[PDB]
């Protein structure tokens, strides 16, 4: 309807399904980035209405591009997307200033619904009844207590990555992987590896 967007995701199939969705609804495509290291600059230059960032872009992760853009006073629409479920990750994109968080696992129709919701000045984030109704409300609060890096170290641990792999992916030292690991294990009140498993399996992460 006369709008445009930039896609920032390095999942080749996801780029296709998003490009097809934006085009099918008359939205122009200024760019398609697969790395964040220039995302902040590209978006500030081309000034697109919509920006779609996968949370797991390499170089600088998806939420980090969102935080920097907002710190640098970018006011346009930003809708974080994920290849995982990552329902707890939605609240963290909230307090960081995003307009949307949609998991590409349930389809592209939530991406377009997140766009029109941001068009109307609203936002389109996952809903966790387990934060207000249930027994896993304490664990959900500890997940909201984590930091931007602690979340990443957690999601990497739940994928089976070692401290060297996490250091290379997050561009930090091995001492910093171990530091994040501890604070993370603390906030979640886990002490052993099995504690983190049953924590993730309880809250389904």
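Numbering follows the first chain given and starts at 1.
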* Selected stretch [higher average CA B-factor]: 62-70 or 167-175 -> 167-175
* Quick one: say whether 182-190 or 9-17 has the higher mean Cα B-factor in the deposited entry. => 182-190
* So among 89, 127, 132, 124, who wins on Cα B-factor in the entry? -> 132
* **Options 159, 56, 35, 49 - largest CA temperature factor per the record** => 49
* Structure fact -> residue 148: CA B-factor among chain residues, third -> middle
* To do: Relative to the other modelled residues of the same chain, rank the CA B-factor of residue 29 and answer lowest, middle or highest third.
  => middle
* Structure fact -> Binned into thirds over the chain's modelled residues, the C-alpha B-factor of residue 40 lands in the middle
